[PDB]
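The data block below is work_2.cif; it holds mmCIF, C-alpha atoms and all ligand atoms.
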```cif
data_upload
#
loop_
_atom_site.label_atom_id
_atom_site.label_comp_id
_atom_site.auth_asym_id
_atom_site.auth_seq_id
_atom_site.Cartn_x
_atom_site.Cartn_y
_atom_site.Cartn_z
CA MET A 1 18.51 -21.04 0.45
CA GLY A 2 20.41 -20.99 -2.83
CA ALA A 3 20.46 -17.77 -4.84
CA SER A 4 19.93 -19.67 -8.09
CA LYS A 5 16.93 -21.41 -6.51
CA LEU A 6 15.30 -18.12 -5.53
CA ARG A 7 16.13 -16.59 -8.91
CA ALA A 8 14.65 -19.73 -10.49
CA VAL A 9 11.45 -19.01 -8.58
CA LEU A 10 11.44 -15.37 -9.67
CA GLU A 11 12.34 -16.62 -13.15
CA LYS A 12 9.24 -18.83 -13.24
CA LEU A 13 7.10 -16.03 -11.76
CA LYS A 14 7.55 -13.63 -14.69
CA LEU A 15 4.39 -13.25 -16.78
CA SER A 16 4.19 -12.94 -20.57
CA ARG A 17 3.76 -9.57 -22.28
CA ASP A 18 0.44 -10.73 -23.75
CA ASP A 19 -1.15 -11.67 -20.41
CA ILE A 20 -0.16 -8.27 -19.01
CA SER A 21 -1.22 -6.31 -22.09
CA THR A 22 -4.69 -7.88 -22.34
CA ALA A 23 -5.67 -7.37 -18.70
CA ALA A 24 -4.01 -3.95 -18.74
CA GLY A 25 -6.17 -3.20 -21.77
CA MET A 26 -9.46 -4.20 -20.16
CA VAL A 27 -8.61 -2.41 -16.91
CA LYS A 28 -7.49 0.62 -18.92
CA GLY A 29 -10.82 0.74 -20.74
CA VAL A 30 -12.96 0.32 -17.63
CA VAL A 31 -10.89 2.90 -15.72
CA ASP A 32 -11.13 5.47 -18.52
CA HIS A 33 -14.89 4.96 -18.75
CA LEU A 34 -15.37 5.24 -14.98
CA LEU A 35 -13.25 8.40 -14.90
CA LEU A 36 -15.01 10.08 -17.83
CA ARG A 37 -18.36 9.33 -16.19
CA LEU A 38 -17.15 10.28 -12.70
CA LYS A 39 -16.42 13.73 -14.08
CA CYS A 40 -20.19 14.17 -14.63
CA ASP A 41 -20.65 15.06 -10.95
CA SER A 42 -19.83 18.48 -9.53
CA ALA A 43 -18.08 16.86 -6.56
CA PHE A 44 -15.96 14.43 -8.58
CA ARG A 45 -15.52 16.84 -11.48
CA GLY A 46 -11.86 17.34 -10.62
CA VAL A 47 -11.15 13.63 -10.29
CA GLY A 48 -7.97 12.20 -11.78
CA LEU A 49 -5.93 9.03 -12.20
CA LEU A 50 -2.97 8.81 -9.82
CA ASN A 51 0.03 7.06 -11.34
CA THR A 52 1.00 4.29 -8.93
CA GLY A 53 2.21 2.47 -12.02
CA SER A 54 -0.67 -0.02 -11.90
CA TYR A 55 2.06 -2.67 -12.04
CA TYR A 56 4.59 -4.26 -9.67
CA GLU A 57 1.58 -4.70 -7.37
CA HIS A 58 0.72 -8.39 -7.74
CA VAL A 59 3.02 -11.33 -8.24
CA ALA A 60 -2.61 -12.81 -8.68
CA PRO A 61 -1.60 -11.29 -12.04
CA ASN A 62 -5.28 -10.61 -12.49
CA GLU A 63 -5.36 -8.11 -9.69
CA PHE A 64 -4.81 -4.40 -10.28
CA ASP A 65 -4.61 -1.38 -8.00
CA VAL A 66 -5.61 2.06 -9.27
CA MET A 67 -5.97 5.23 -7.20
CA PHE A 68 -8.43 8.03 -7.97
CA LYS A 69 -6.98 11.28 -6.64
CA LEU A 70 -9.26 14.23 -5.93
CA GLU A 71 -7.80 17.74 -5.69
CA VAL A 72 -8.73 19.65 -2.53
CA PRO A 73 -7.47 23.20 -1.91
CA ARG A 74 -5.79 24.27 1.35
CA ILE A 75 -7.44 21.77 3.69
CA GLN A 76 -6.96 21.80 7.46
CA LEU A 77 -6.44 18.45 9.15
CA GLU A 78 -7.17 17.52 12.75
CA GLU A 79 -5.32 14.52 14.23
CA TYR A 80 -7.81 12.08 15.71
CA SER A 81 -7.11 10.73 19.21
CA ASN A 82 -3.36 10.93 18.54
CA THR A 83 -3.46 7.97 16.13
CA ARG A 84 -0.82 9.84 14.10
CA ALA A 85 -2.24 8.41 10.86
CA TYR A 86 -5.93 9.28 10.97
CA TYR A 87 -7.23 12.83 10.56
CA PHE A 88 -10.42 14.89 10.22
CA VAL A 89 -10.72 16.98 7.06
CA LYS A 90 -11.80 20.61 7.24
CA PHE A 91 -11.74 23.53 4.79
CA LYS A 92 -10.14 26.88 5.67
CA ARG A 93 -12.74 28.98 3.86
CA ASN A 94 -16.18 28.03 2.51
CA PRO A 95 -17.82 31.26 1.36
CA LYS A 96 -17.07 30.13 -2.19
CA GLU A 97 -19.23 27.16 -3.14
CA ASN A 98 -17.60 23.83 -2.33
CA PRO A 99 -18.21 20.75 -4.53
CA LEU A 100 -17.80 18.48 -1.48
CA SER A 101 -20.07 20.63 0.70
CA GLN A 102 -22.84 18.04 0.23
CA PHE A 103 -20.69 15.56 2.16
CA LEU A 104 -19.97 17.98 5.01
CA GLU A 105 -21.23 16.71 8.36
CA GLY A 106 -20.68 19.97 10.20
CA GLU A 107 -17.23 21.44 9.74
CA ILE A 108 -15.81 17.94 9.28
CA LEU A 109 -15.91 16.29 5.85
CA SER A 110 -17.60 12.90 6.11
CA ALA A 111 -15.51 10.11 4.56
CA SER A 112 -18.28 7.52 4.70
CA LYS A 113 -20.66 9.72 2.69
CA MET A 114 -18.07 10.44 -0.01
CA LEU A 115 -17.24 6.75 -0.21
CA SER A 116 -20.97 5.93 -0.37
CA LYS A 117 -21.59 8.35 -3.23
CA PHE A 118 -18.42 7.21 -5.00
CA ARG A 119 -19.25 3.51 -4.70
CA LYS A 120 -22.86 4.23 -5.71
CA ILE A 121 -21.91 6.11 -8.88
CA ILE A 122 -19.50 3.34 -9.81
CA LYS A 123 -22.07 0.67 -8.90
CA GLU A 124 -24.64 2.30 -11.17
CA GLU A 125 -22.24 2.79 -14.09
CA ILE A 126 -20.60 -0.66 -14.11
CA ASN A 127 -23.93 -2.25 -15.06
CA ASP A 128 -22.76 -3.44 -18.49
CA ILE A 129 -22.91 0.01 -20.09
CA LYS A 130 -19.52 -0.86 -21.59
CA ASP A 131 -18.59 -3.73 -23.89
CA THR A 132 -16.94 -5.45 -20.93
CA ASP A 133 -18.73 -7.49 -18.26
CA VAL A 134 -18.00 -5.94 -14.85
CA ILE A 135 -19.52 -6.64 -11.43
CA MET A 136 -18.92 -5.09 -7.99
CA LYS A 137 -17.76 -7.23 -5.08
CA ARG A 138 -19.36 -7.19 -1.63
CA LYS A 139 -18.61 -4.27 0.71
CA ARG A 140 -15.43 -5.11 2.61
CA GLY A 141 -15.05 -4.40 6.32
CA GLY A 142 -13.15 -1.19 6.97
CA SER A 143 -11.69 -1.10 3.46
CA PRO A 144 -11.56 2.20 1.51
CA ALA A 145 -11.30 0.33 -1.79
CA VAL A 146 -14.11 -0.36 -4.25
CA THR A 147 -13.24 -3.58 -6.07
CA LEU A 148 -14.60 -4.66 -9.46
CA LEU A 149 -14.43 -7.98 -11.31
CA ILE A 150 -14.01 -7.95 -15.09
CA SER A 151 -14.82 -11.03 -17.19
CA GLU A 152 -14.84 -13.02 -13.93
CA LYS A 153 -11.04 -13.11 -14.16
CA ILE A 154 -9.73 -9.60 -13.42
CA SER A 155 -9.81 -7.79 -10.08
CA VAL A 156 -9.46 -4.00 -9.84
CA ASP A 157 -9.35 -2.09 -6.56
CA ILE A 158 -10.38 1.56 -6.91
CA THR A 159 -9.52 3.81 -3.98
CA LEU A 160 -10.59 7.46 -3.75
CA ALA A 161 -7.94 9.83 -2.41
CA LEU A 162 -7.86 13.47 -1.33
CA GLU A 163 -4.70 15.17 -2.59
CA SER A 164 -3.13 17.79 -0.35
CA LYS A 165 -0.30 19.87 -1.81
CA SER A 166 0.37 21.32 1.65
CA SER A 167 3.37 20.37 3.80
CA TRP A 168 3.24 16.88 5.31
CA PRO A 169 1.75 16.40 8.83
CA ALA A 170 4.01 16.61 11.90
CA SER A 171 3.50 12.88 12.46
CA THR A 172 5.64 12.25 9.37
CA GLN A 173 8.48 14.46 10.60
CA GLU A 174 10.63 11.62 11.94
CA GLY A 175 9.55 9.31 9.14
CA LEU A 176 11.19 8.49 5.81
CA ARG A 177 14.68 7.96 7.25
CA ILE A 178 16.31 7.79 3.82
CA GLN A 179 19.12 10.26 4.53
CA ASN A 180 21.95 7.71 4.69
CA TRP A 181 20.34 5.79 1.84
CA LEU A 182 18.86 8.04 -0.86
CA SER A 183 20.36 11.30 0.52
CA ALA A 184 18.70 14.14 2.45
CA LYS A 185 18.34 16.10 -0.79
CA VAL A 186 16.06 13.45 -2.26
CA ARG A 187 14.11 13.27 1.00
CA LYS A 188 13.73 17.05 0.78
CA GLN A 189 12.40 17.08 -2.77
CA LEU A 190 10.14 14.11 -1.93
CA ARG A 191 8.52 15.85 1.03
CA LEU A 192 7.73 18.78 -1.28
CA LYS A 193 5.34 16.50 -3.16
CA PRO A 194 1.67 16.27 -2.12
CA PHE A 195 0.29 13.64 0.26
CA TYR A 196 -2.97 11.72 -0.03
CA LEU A 197 -5.88 10.70 2.19
CA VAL A 198 -8.02 7.57 1.90
CA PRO A 199 -11.45 6.92 3.49
CA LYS A 200 -10.23 4.66 6.28
CA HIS A 201 -11.88 4.88 9.70
CA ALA A 202 -9.94 4.33 12.92
CA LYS A 203 -10.80 2.01 15.81
CA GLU A 204 -12.18 3.53 19.02
CA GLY A 205 -12.42 0.62 21.44
CA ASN A 206 -15.53 -1.26 20.31
CA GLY A 207 -16.58 1.36 17.77
CA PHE A 208 -15.55 3.19 14.59
CA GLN A 209 -15.50 6.86 13.55
CA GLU A 210 -16.41 6.68 9.84
CA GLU A 211 -15.47 10.37 9.55
CA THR A 212 -11.69 10.08 9.58
CA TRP A 213 -9.21 9.78 6.73
CA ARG A 214 -5.83 8.05 6.65
CA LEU A 215 -2.51 9.26 5.24
CA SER A 216 -1.30 7.65 2.03
CA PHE A 217 2.12 7.95 0.38
CA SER A 218 1.79 5.27 -2.32
CA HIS A 219 3.30 7.61 -4.91
CA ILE A 220 6.37 8.16 -2.72
CA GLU A 221 6.67 4.40 -2.24
CA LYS A 222 6.57 3.87 -5.99
CA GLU A 223 9.15 6.60 -6.50
CA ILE A 224 11.73 5.35 -3.99
CA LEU A 225 11.05 1.79 -5.13
CA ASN A 226 11.76 2.46 -8.83
CA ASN A 227 14.84 4.51 -7.91
CA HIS A 228 16.21 2.38 -5.10
CA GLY A 229 20.01 2.45 -5.22
CA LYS A 230 22.39 4.89 -3.56
CA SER A 231 24.10 5.08 -6.93
CA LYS A 232 22.00 6.84 -9.56
CA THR A 233 22.97 4.19 -12.12
CA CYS A 234 21.86 1.32 -9.87
CA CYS A 235 20.51 -1.60 -11.94
CA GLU A 236 21.36 0.20 -15.18
CA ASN A 237 24.44 -1.95 -15.86
CA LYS A 238 25.97 -5.37 -15.17
CA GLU A 239 28.36 -3.97 -12.55
CA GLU A 240 25.63 -2.33 -10.45
CA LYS A 241 22.86 -4.94 -10.53
CA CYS A 242 21.18 -5.30 -7.13
CA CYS A 243 18.51 -7.62 -5.72
CA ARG A 244 16.24 -5.23 -3.82
CA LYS A 245 13.19 -5.62 -6.07
CA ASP A 246 13.88 -9.35 -6.17
CA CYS A 247 13.83 -9.54 -2.37
CA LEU A 248 10.58 -7.58 -2.22
CA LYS A 249 8.98 -9.83 -4.84
CA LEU A 250 10.13 -12.92 -2.93
CA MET A 251 8.76 -11.66 0.40
CA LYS A 252 5.43 -10.64 -1.14
CA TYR A 253 5.14 -14.02 -2.85
CA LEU A 254 5.95 -15.79 0.41
CA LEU A 255 3.21 -14.00 2.34
CA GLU A 256 0.79 -14.38 -0.57
CA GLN A 257 1.40 -18.12 -0.75
CA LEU A 258 1.05 -18.57 3.02
CA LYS A 259 -2.20 -16.58 3.08
CA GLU A 260 -3.45 -18.68 0.18
CA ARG A 261 -2.59 -22.03 1.76
CA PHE A 262 -4.24 -21.03 5.03
CA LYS A 263 -7.26 -19.36 3.41
CA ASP A 264 -9.64 -21.62 5.34
CA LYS A 265 -8.41 -20.20 8.64
CA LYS A 266 -8.71 -16.53 9.55
CA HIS A 267 -5.21 -16.18 11.01
CA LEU A 268 -3.35 -14.58 8.10
CA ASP A 269 -6.24 -12.47 6.83
CA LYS A 270 -5.10 -9.38 8.72
CA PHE A 271 -1.61 -9.49 7.23
CA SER A 272 -1.06 -7.64 3.98
CA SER A 273 1.67 -6.94 1.45
CA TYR A 274 2.07 -3.50 3.01
CA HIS A 275 3.55 -5.02 6.18
CA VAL A 276 6.04 -6.79 3.94
CA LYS A 277 6.76 -3.60 1.95
CA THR A 278 7.27 -1.60 5.15
CA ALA A 279 9.65 -4.17 6.64
CA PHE A 280 11.53 -4.11 3.33
CA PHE A 281 11.87 -0.33 3.56
CA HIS A 282 13.23 -0.60 7.12
CA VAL A 283 15.77 -3.20 5.98
CA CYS A 284 16.67 -0.80 3.16
CA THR A 285 17.37 1.83 5.82
CA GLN A 286 19.45 -0.71 7.76
CA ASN A 287 21.38 -1.62 4.59
CA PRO A 288 21.93 1.66 2.66
CA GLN A 289 24.90 0.55 0.54
CA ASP A 290 24.29 -1.06 -2.86
CA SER A 291 27.16 -3.41 -1.97
CA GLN A 292 24.91 -4.85 0.73
CA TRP A 293 22.47 -5.84 -2.00
CA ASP A 294 24.77 -7.66 -4.42
CA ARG A 295 22.88 -10.10 -6.64
CA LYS A 296 25.15 -13.04 -5.78
CA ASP A 297 24.23 -12.42 -2.14
CA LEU A 298 20.50 -12.67 -2.92
CA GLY A 299 19.97 -15.74 -0.74
CA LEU A 300 21.66 -13.86 2.07
CA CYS A 301 19.81 -10.57 1.62
CA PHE A 302 16.42 -12.26 1.37
CA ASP A 303 17.12 -14.21 4.56
CA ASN A 304 17.90 -10.92 6.29
CA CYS A 305 14.52 -9.57 5.22
CA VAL A 306 12.80 -12.72 6.42
CA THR A 307 14.57 -12.51 9.77
CA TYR A 308 13.63 -8.87 10.27
CA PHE A 309 10.01 -9.53 9.39
CA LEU A 310 9.93 -12.35 11.93
CA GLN A 311 11.33 -9.98 14.52
CA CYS A 312 8.52 -7.56 13.77
CA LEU A 313 6.06 -10.42 14.29
CA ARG A 314 7.83 -11.48 17.47
CA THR A 315 8.24 -8.03 19.00
CA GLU A 316 4.87 -6.86 17.65
CA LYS A 317 6.56 -3.72 16.32
CA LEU A 318 6.27 -2.59 12.71
CA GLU A 319 6.49 1.20 12.50
CA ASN A 320 4.93 2.89 9.48
CA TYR A 321 7.84 3.96 7.27
CA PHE A 322 6.39 7.47 6.94
CA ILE A 323 4.72 7.62 10.35
CA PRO A 324 7.18 6.16 12.92
CA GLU A 325 4.73 6.44 15.83
CA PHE A 326 2.16 4.37 13.95
CA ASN A 327 2.69 0.68 14.75
CA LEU A 328 1.29 -1.72 12.17
CA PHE A 329 1.83 -4.79 14.36
CA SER A 330 0.37 -3.46 17.60
CA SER A 331 -1.70 -5.89 19.64
CA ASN A 332 -4.69 -3.61 19.02
CA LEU A 333 -4.52 -4.13 15.25
CA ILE A 334 -3.30 -7.72 15.04
CA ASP A 335 -3.75 -10.23 17.85
CA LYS A 336 -0.78 -12.14 19.26
CA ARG A 337 -1.95 -15.59 18.10
CA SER A 338 -2.09 -14.61 14.42
CA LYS A 339 1.45 -13.23 14.50
CA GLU A 340 2.64 -16.35 16.36
CA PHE A 341 0.98 -18.48 13.68
CA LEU A 342 2.58 -16.53 10.84
CA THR A 343 5.89 -16.70 12.72
CA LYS A 344 5.55 -20.47 12.94
CA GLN A 345 4.75 -20.82 9.24
CA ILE A 346 7.54 -18.55 8.03
CA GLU A 347 10.07 -20.24 10.32
CA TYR A 348 8.98 -23.63 8.98
CA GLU A 349 9.33 -22.41 5.40
CA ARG A 350 12.77 -20.89 5.96
CA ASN A 351 13.99 -24.01 7.74
CA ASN A 352 12.79 -26.31 4.96
CA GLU A 353 14.08 -24.52 1.84
CA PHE A 354 10.67 -22.86 1.27
CA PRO A 355 8.38 -25.64 -0.06
CA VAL A 356 5.66 -23.01 -0.45
CA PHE A 357 7.47 -21.66 -3.51
CA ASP A 358 7.04 -25.07 -5.11
CA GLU A 359 3.62 -24.77 -6.77
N1 LIG A 401 -6.66 -1.38 -2.14
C1 LIG A 401 -6.49 -0.97 -0.79
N2 LIG A 401 -5.86 0.31 -0.48
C2 LIG A 401 -5.69 0.71 0.89
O1 LIG A 401 -5.18 1.75 1.14
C3 LIG A 401 -6.17 -0.22 2.01
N3 LIG A 401 -6.14 -0.09 3.35
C4 LIG A 401 -6.71 -1.22 3.90
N4 LIG A 401 -7.09 -2.04 2.89
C5 LIG A 401 -7.69 -3.21 3.02
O2 LIG A 401 -8.56 -3.25 4.35
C6 LIG A 401 -8.47 -4.44 4.81
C7 LIG A 401 -8.10 -4.39 6.27
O3 LIG A 401 -7.53 -3.09 6.56
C8 LIG A 401 -7.28 -5.24 3.93
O4 LIG A 401 -7.88 -6.21 3.07
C9 LIG A 401 -6.66 -4.35 3.22
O5 LIG A 401 -6.26 -4.92 1.87
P1 LIG A 401 -4.65 -4.88 1.46
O6 LIG A 401 -4.19 -6.24 1.17
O7 LIG A 401 -3.84 -4.29 2.66
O8 LIG A 401 -4.43 -3.90 0.11
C10 LIG A 401 -3.15 -3.86 -0.47
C11 LIG A 401 -2.74 -2.41 -0.70
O9 LIG A 401 -3.31 -1.66 0.16
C12 LIG A 401 -2.26 -0.61 0.60
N5 LIG A 401 -2.21 -0.55 1.93
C13 LIG A 401 -2.52 -1.50 2.74
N6 LIG A 401 -2.35 -1.06 4.02
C14 LIG A 401 -1.93 0.21 3.98
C15 LIG A 401 -1.60 1.15 4.96
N7 LIG A 401 -1.69 0.82 6.38
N8 LIG A 401 -1.20 2.36 4.57
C16 LIG A 401 -1.11 2.68 3.29
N9 LIG A 401 -1.41 1.83 2.36
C17 LIG A 401 -1.83 0.56 2.69
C18 LIG A 401 -0.88 -1.09 0.00
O10 LIG A 401 -0.42 -0.11 -1.07
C19 LIG A 401 -1.09 -2.24 -0.50
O11 LIG A 401 -0.37 -2.37 -1.79
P2 LIG A 401 -0.54 -3.79 -2.76
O12 LIG A 401 -1.76 -3.64 -3.68
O13 LIG A 401 0.68 -3.96 -3.59
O14 LIG A 401 -0.72 -5.00 -1.89
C20 LIG A 401 -6.77 -1.44 1.72
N10 LIG A 401 -6.95 -1.85 0.31
ZN ZN A 402 19.38 -1.64 -7.76
#
```
Translate this file's structure into C-alpha cells.
Amino acid sequence: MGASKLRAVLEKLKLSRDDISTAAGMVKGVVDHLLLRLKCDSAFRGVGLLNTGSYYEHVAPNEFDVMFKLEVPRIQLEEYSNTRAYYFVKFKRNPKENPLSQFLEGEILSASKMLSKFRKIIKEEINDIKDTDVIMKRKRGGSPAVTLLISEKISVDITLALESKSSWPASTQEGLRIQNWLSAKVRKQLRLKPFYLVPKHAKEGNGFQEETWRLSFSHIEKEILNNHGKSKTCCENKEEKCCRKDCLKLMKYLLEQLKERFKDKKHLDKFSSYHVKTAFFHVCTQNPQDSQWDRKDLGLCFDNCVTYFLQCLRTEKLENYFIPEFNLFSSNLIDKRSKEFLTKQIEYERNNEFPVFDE
C-alpha cells in the first residue's frame, strides 16, 4: 500500500474547522448544563469534567466522548475473582457523612445504583430544558456510558468515573512498558497521576455482578498519545515528523469501516477502537525509536500495525496495555468465529489495496 495513497485517505478524512466548532459548541453547551445541574445533588456535588480532549476520538465526526470524573477520598479496592481489571469499591472510614452512602449496598459501593441515579438525573434534565433538542438512547448492554443525541445528528457518550489519587493497583505493576520508549522517568511521573473507575460489571459464567467497577486510564492514553515520540521535539519540525497518529487514525478508520459494512451481521459488534488503540500501543513498545516511524515509511509502519493486530486476532491474545494479565481477545470475551471473520476481512482488505477506504 502506497504511502501517498494512505496519506491521501487521511487527507480526505480531515474535517473543516466549522463542522468541528459547531458540534463542539452544541456538545459544550449541553455538557455545561448537565454539569451545572448535576452539581445540585449532594452525591454528584463534586462532579467534574475530565479532559480527555473530547477530540481525536472519532474519524463519525458527530460522535463525542466526555468523561465525568467524581472525586472519592482514600477508597479501598477489592479485586474481584482475580479479573485484574474489575474491583469492588469500599471506603476506609465512614463516621463522617458520605455523599455516596445512599448507593452503599453493605460495605461495597453499588455501581448499578450510582449509574441508575446518574442516568435518571440526566434523563430528567435533557427533556428540552435547554435551547437544544436532546434525547437519550436506549440502555446499552453492559455499557457504563449514557449516550445522548443532539439535533438528531450529534452523539455524546457520558461516562461517570470515580477518581482515585492513590497509587495504582498491583495489577498495573507490569503494565505500561514505556521504559525503552518514553523513558522510565515519564512512566514514573505518569503513575503518580490518579486512576479512574467506570461502572462496568464483570462476567461470572452465565451471570453478572453489577457491583464492580473497572479501571480506566483514558487520561494517560491521551497524554502518551499527544506526546508520543522518544524525542521531545517529535512532530514539532520537518526533520522529526513521524506517522504514529496517522497509523492509529488509519487503523481506527479501517475497523470503523469494516464494522459499518458488516452492520447487518453481529460479528464485528464486539470489536472496538480500544482493541485497535491497545494493539497500537504494543507496536509502539515494539518500535520505540522515532526512526522506526518515519513518514516516508508510513505504508510500511501501518502494515506492521495491521499484521500485529491480525496476530492478536489469530492468537486470541490482546493484553491490556496497563493491565498485562487482562486479555481483551480471550475466548471468554470474544468468540473465535468473530475474530476469524474479522481476520478474513482485514486480510482481504490488505491484500486488495484496501477498497474499504474508497467511500
Ligand atoms: N463510551 C464508553 N466508555 C467505556 O469505557 C466503555 N466500555 C465498554 N463500552 C462499551 O460497551 C460495549 C461492550 O463492552 C461497547 O459498545 C463498548 O463501546 P466502545 O466502542 O468500546 O467505546 C469506545 C471507547 O470506550 C473506551 N473503552 C472501550 N473499551 C475499553 C476498555 N476495555 N478499557 C478502557 N476503556 C475502554 C475507549 O476509550 C474507547 O475510546 P473511543 O471513543 O475513541 O472509541 C464503553 N463505552
Ligand atoms: Zn511524532
Residues near segment 285-290 of chain A, anyone? I mean within 9 Å using all atoms listed in the file, not counting same-chain ones fewer than 4 positions away, as a PDB file with C-alpha atoms, in the coordinates of the input.
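As a result, result.pdb now contains:
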```pdb
ATOM      1  CA  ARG A 177      14.680   7.960   7.250  1.00  0.00           C
ATOM      2  CA  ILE A 178      16.310   7.790   3.820  1.00  0.00           C
ATOM      3  CA  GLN A 179      19.120  10.260   4.530  1.00  0.00           C
ATOM      4  CA  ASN A 180      21.950   7.710   4.690  1.00  0.00           C
ATOM      5  CA  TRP A 181      20.340   5.790   1.840  1.00  0.00           C
ATOM      6  CA  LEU A 182      18.860   8.040  -0.860  1.00  0.00           C
ATOM      7  CA  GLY A 229      20.010   2.450  -5.220  1.00  0.00           C
ATOM      8  CA  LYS A 230      22.390   4.890  -3.560  1.00  0.00           C
ATOM      9  CA  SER A 231      24.100   5.080  -6.930  1.00  0.00           C
ATOM     10  CA  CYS A 234      21.860   1.320  -9.870  1.00  0.00           C
ATOM     11  CA  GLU A 240      25.630  -2.330 -10.450  1.00  0.00           C
ATOM     12  CA  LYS A 241      22.860  -4.940 -10.530  1.00  0.00           C
ATOM     13  CA  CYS A 242      21.180  -5.300  -7.130  1.00  0.00           C
ATOM     14  CA  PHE A 280      11.530  -4.110   3.330  1.00  0.00           C
ATOM     15  CA  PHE A 281      11.870  -0.330   3.560  1.00  0.00           C
ATOM     16  CA  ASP A 294      24.770  -7.660  -4.420  1.00  0.00           C
TER      17      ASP A 294
END
```
Please return as number ranges by chain the residues found within 6 Å of ligand LIG 401 (chain A), counting all atoms listed in the file.
A: 57, 65, 142-145, 157, 216, 218, 272-274
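Checking A:322, A:309, A:293, A:262 one by one against ligand ZN 402 (chain A), counting only C-alpha atoms and all ligand atoms, you find the shortest gap at A:293.
Shortest atom-to-atom contact with residue 283 of chain A among A:72, A:100, A:321, A:264: A:321, counting all atoms listed in the file.
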Just want the 12 Å neighbourhood of residue 208 of chain A, counted on all atoms listed in the file, with same-chain residues fewer than 5 positions away dropped. Output as a VMD selection string.
chain A and resid 80 86 112 141 to 142 200 to 203
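One distance worth recording is that between atom CA of residue 292 of chain A and atom CA of residue 279 of chain A, which is 16.4 Å.
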Please determine, counting only C-alpha atoms, which residue among A:27, A:66, A:15, A:121 has the shortest atom-to-atom distance to residue 40 of chain A.
A:121
I need every residue sitting at most 10 Å from the point (-11.4, 23.7, 4.7) (coordinates as in the file, all atoms listed in the file considered), written as a ChimeraX atom specification.
/A:72-77,89-94,98,107-109
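Among the candidates A:243, A:298, A:332, A:319, the one nearest to ligand ZN 402 (chain A) when counting all atoms listed in the file is A:243.
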note - atom CA of residue 275 of chain A and atom CA of residue 5 of chain A are separated by 24.7 Å
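For the pair atom CA of residue 320 of chain A and atom CA of residue 221 of chain A, the interatomic distance is 11.9 Å.
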Which neighbours of residue 190 of chain A fall inside 10 Å, counting all atoms listed in the file, when residues of the same chain fewer than 5 positions from it are skipped, and could you give them as a list in words?
residues 176, 184, 185, 219, 220, 223 and 224 of chain A
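Each of A:43, A:156, A:198, A:306 was compared to residue 104 of chain A using only C-alpha atoms, and A:43 turns out to be the nearest.
Proximity to residue 183 of chain A was assessed for A:44, A:255, A:246, A:232 counting all atoms listed in the file; the smallest distance is recorded for A:232.
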Can you tell me which residues surround residue 245 of chain A at a distance of at most 8 Å, considering all atoms listed in the file, apart from same-chain residues fewer than 3 positions away, and format the answer as a VMD selection string?
chain A and resid 225 248 to 249
Using only C-alpha atoms, which residues sit within 12 Å of residue 22 of chain A once same-chain residues fewer than 4 positions away are excluded, as a VMD selection string?
chain A and resid 15 to 18 26 to 29 61 to 62 150 to 151 153 to 154
Any chance you could build segment 143-153 of chain A out to N, CA, C and O atoms and write it as a PDB file, in the frame of the given file?
```
ATOM      1  N   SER A 143     -12.542  -1.329   4.627  1.00  0.00           N
ATOM      2  CA  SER A 143     -11.690  -1.100   3.460  1.00  0.00           C
ATOM      3  C   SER A 143     -12.183   0.098   2.652  1.00  0.00           C
ATOM      4  O   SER A 143     -13.373   0.212   2.359  1.00  0.00           O
ATOM      5  N   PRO A 144     -11.256   1.000   2.292  1.00  0.00           N
ATOM      6  CA  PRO A 144     -11.560   2.200   1.510  1.00  0.00           C
ATOM      7  C   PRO A 144     -11.673   1.917   0.014  1.00  0.00           C
ATOM      8  O   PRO A 144     -12.064   2.794  -0.758  1.00  0.00           O
ATOM      9  N   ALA A 145     -11.328   0.697  -0.383  1.00  0.00           N
ATOM     10  CA  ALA A 145     -11.300   0.330  -1.790  1.00  0.00           C
ATOM     11  C   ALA A 145     -12.656  -0.167  -2.299  1.00  0.00           C
ATOM     12  O   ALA A 145     -13.411  -0.820  -1.578  1.00  0.00           O
ATOM     13  N   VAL A 146     -12.950   0.164  -3.550  1.00  0.00           N
ATOM     14  CA  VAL A 146     -14.110  -0.360  -4.250  1.00  0.00           C
ATOM     15  C   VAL A 146     -13.620  -1.287  -5.354  1.00  0.00           C
ATOM     16  O   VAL A 146     -13.075  -0.833  -6.361  1.00  0.00           O
ATOM     17  N   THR A 147     -13.807  -2.589  -5.164  1.00  0.00           N
ATOM     18  CA  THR A 147     -13.240  -3.580  -6.070  1.00  0.00           C
ATOM     19  C   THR A 147     -14.246  -4.028  -7.126  1.00  0.00           C
ATOM     20  O   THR A 147     -15.422  -4.213  -6.827  1.00  0.00           O
ATOM     21  N   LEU A 148     -13.770  -4.194  -8.357  1.00  0.00           N
ATOM     22  CA  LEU A 148     -14.600  -4.660  -9.460  1.00  0.00           C
ATOM     23  C   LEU A 148     -13.986  -5.900 -10.110  1.00  0.00           C
ATOM     24  O   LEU A 148     -12.766  -6.068 -10.137  1.00  0.00           O
ATOM     25  N   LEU A 149     -14.850  -6.768 -10.626  1.00  0.00           N
ATOM     26  CA  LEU A 149     -14.430  -7.980 -11.310  1.00  0.00           C
ATOM     27  C   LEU A 149     -14.824  -7.899 -12.785  1.00  0.00           C
ATOM     28  O   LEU A 149     -15.996  -7.694 -13.124  1.00  0.00           O
ATOM     29  N   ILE A 150     -13.831  -8.064 -13.651  1.00  0.00           N
ATOM     30  CA  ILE A 150     -14.010  -7.950 -15.090  1.00  0.00           C
ATOM     31  C   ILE A 150     -13.828  -9.320 -15.726  1.00  0.00           C
ATOM     32  O   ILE A 150     -12.805  -9.979 -15.515  1.00  0.00           O
ATOM     33  N   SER A 151     -14.836  -9.744 -16.488  1.00  0.00           N
ATOM     34  CA  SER A 151     -14.820 -11.030 -17.190  1.00  0.00           C
ATOM     35  C   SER A 151     -14.623 -12.207 -16.239  1.00  0.00           C
ATOM     36  O   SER A 151     -14.170 -13.275 -16.653  1.00  0.00           O
ATOM     37  N   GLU A 152     -14.958 -11.995 -14.967  1.00  0.00           N
ATOM     38  CA  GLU A 152     -14.840 -13.020 -13.930  1.00  0.00           C
ATOM     39  C   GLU A 152     -13.407 -13.518 -13.775  1.00  0.00           C
ATOM     40  O   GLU A 152     -13.176 -14.613 -13.265  1.00  0.00           O
ATOM     41  N   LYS A 153     -12.445 -12.715 -14.222  1.00  0.00           N
ATOM     42  CA  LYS A 153     -11.040 -13.110 -14.160  1.00  0.00           C
ATOM     43  C   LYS A 153     -10.128 -11.988 -13.672  1.00  0.00           C
ATOM     44  O   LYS A 153      -9.027 -12.253 -13.195  1.00  0.00           O
TER      45      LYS A 153
END
```
